[PDB]
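Protein chains in written order, with the numbering used here: chain X, 1 to 4; chain W, 1001 to 1210; chain L, 2001 to 2216. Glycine is no exception: its CB is placed at the ideal position from the N, C-alpha and C atoms.
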Amino acid sequence: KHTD
Amino acid sequence: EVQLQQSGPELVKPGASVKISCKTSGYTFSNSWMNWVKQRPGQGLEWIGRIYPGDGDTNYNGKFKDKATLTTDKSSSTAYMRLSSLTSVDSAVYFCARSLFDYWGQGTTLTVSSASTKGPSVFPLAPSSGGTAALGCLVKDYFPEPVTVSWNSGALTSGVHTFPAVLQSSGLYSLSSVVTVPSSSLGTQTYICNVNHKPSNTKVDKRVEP
Amino acid sequence: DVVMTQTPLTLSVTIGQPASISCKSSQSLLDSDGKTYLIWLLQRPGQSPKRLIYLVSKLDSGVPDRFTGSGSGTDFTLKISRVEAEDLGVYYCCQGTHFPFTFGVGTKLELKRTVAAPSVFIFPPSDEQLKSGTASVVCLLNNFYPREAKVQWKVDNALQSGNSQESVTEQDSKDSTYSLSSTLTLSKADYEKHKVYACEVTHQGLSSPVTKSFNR
Ligand SMILES: [Cl-]
Ligand SMILES: [Cl-]
C-alpha cells in the first residue's frame, strides 16, 4: 500500500 | 538526503487553471508514491490524492477528483498538480509529500482573486486623550499580500504588534499595526509608521499624532 | 471516510514537563499486512509539516527520544517526556490505511503562563478615513493570556453581528501573551447616524467585562  | 522542491507562489483569477510542480532529488523518483495536500488559510491539512510515477497509477480524494489532476515527468524527476476552474476556496498552501508522508515540500501558496493590484491607504490610530498609551496605523484596502510595517524607521520595535491581514468581502486586505508607548512621551516623541507594499511600489511614512 | 478525532484542540504545556495528546480513529487502522498506517506530523509555525512518528510508534530519523507514540485499537497517543521549545506547533495525526487518507484537525501546543488580563483600547475612525468615505472602528486587546477572549461591539446599544473581523498575533516570544484586534467597518453615512461606539471585552483575567467606548 505504501512505498519506502 | 531526500528533498522535494516546489514551484513558487501563484496569483490567478477565478476560472483560470494552474499547474504546480514538485521537483525531487535524493531518491529514485519513479519508485515512490507522491501525495498532494491542501491547507486553507488558518485551517488544517487535507489529502488531495497520490500518484505512483512509474506507471501513472492514482488515488484521489473524491472531494478533489474534478478539481485536481496529478501527473509526472520522470525524466526530470518532477511531479505536477493541475488545479482547474479555480475559485476563491482554492486559495491555500499546497504541499507535495512522498510515500507515507515521510518527506514534504516547502509548500506553494495559491491566491485566487478577481482583485487588481492596489496599494493601501494608511490611517492613524491616534493615542487617546497606568502611564501607557496605545497608538497605531490602519493599513487598509490593498492587494495582494503582503504589506510590511515598521515604526520610526526601525528605531521603535518594543511593544509593536502587526496583526495578520484579514481578507475583506471586497477582495482587498486590511491590517493594523499597533504599539504601546509611555504616555509621557506623547508630547515630545514623534511616532511614524513606515508602510511598504512592494507589489504596487507603494511606500508611505505616516505620522500618528494625538 | 475515516474520521480522525484529536483532543485536546489546544494543550498548554510547560518547558521541562511532560505532554500527552490523543487521536482516535472511527475505524480500525490495522491493515491485512499487519501494519497500522498511523502517523504523527508536527507543523511548526510558518513551516511545512514534518513527520515525527510512523506505524504508531516508530520515530523518524533525527526525532528526539523524548517523543513516544502508542496505540490500543483505534486509540492513539503521542507523548513528550519533557517539552522543549522546538516542540511547539500543531500536531496532526493521519491515517493511510483506508482511502481517502485523512487527517485530524490538529492539536496546538502553546506555552502556559499566568493569567493576564488584556489592556483594552478603542480608536475612532480618523478624519482622513471619513473624508475617503468609510469608517473603521478598532478595538485592541493587548498582551493577554489565555487566548480565549470575547469581543462584542455595540453601536447605540445595538449588538453588531457579522460586521467586524478579528485578527490575533502568534504567542509572544518574550512574555507568552496574545494580542487581538477587532475592526468594525461601516460606511461613513452609517457611522454618522449613531453616537455611542463601544467594545466590550470578556476574559478570564477580568472579574467583570471591560467596556471601552466613545461618543462620535
Ligand atoms: Cl527538524
Ligand atoms: Cl458591547
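Item                                                                                                     : Value
Cα-Cα separation between W/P1127 and W/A1133, rounded to whole angstroms                                 : 6 Å
Proximity winner among W/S1176, W/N1194, W/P1124, W/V1012, relative to W/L1086 (alpha-carbon distances)  : W/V1012
Min CB distance L/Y2092 to chain W below 7 Å                                                             : yes
Same chain only: Cβ atoms within 7 Å of L/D2156, ignoring 5 sequence neighbours per side                 : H2194, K2195, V2196
C-beta atoms of L/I2039 and W/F1101 nearer than 7 Å                                                      : yes
For L/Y2054, the three-state DSSP class (helix, strand or coil)                                          : strand
For L/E2166, the nearest candidate out of L/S2181, L/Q2160, L/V2137 (CA to CA)                           : L/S2181
Proximity below 7 Å, CB of W/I1048 to CB of W/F1029                                                      : no
Within chain W, partners of L/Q2165 - CB distance below 7 Å                                              : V1166
Proximity test, L/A2158 beta-carbon vs ligand 2 heavy atom, cut-off 6 Å                                  : no
W/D1066 (DSSP reduced to helix, strand or coil)                                                          : coil
Inter-residue Cα distance where the pair is L/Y2054 and L/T2177                                          : 33 Å
Boundaries of the alpha helix (DSSP H) in which L/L2130 is found, first to last residue                  : 2127 to 2132
Chain W contact for L/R2216 (CB, 7 Å cutoff)                                                             : no
For W/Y1052, the first and last residue of its enclosing beta strand (DSSP E)                            : 1045 to 1052
Cβ-based burial, L/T2114 [other Cβ within 10 Å; buried from 16]                                          : exposed
Where the region 2131 to 2157 of chain L meets chain W: residues whose CB sits under 9 Å from a CB there : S2132, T2134, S2136, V2138, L2140, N2142, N2143
W/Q1106 beta carbon near ligand 2 (any heavy atom closer than 6 Å)                                       : no
Rounded separation between W/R1040 and L/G2162 - CA only                                                 : 21 Å
Chain-ordered chain X contacts of W/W1033 [CB-CB under 8 Å]                                              : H2, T3
Pick from L/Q2171, L/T2014, L/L2078, L/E2084 that is closest to L/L2041, judged by C-alpha positions     : L/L2078
Chain W contact for L/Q2129 (CB, 7 Å cutoff)                                                             : yes
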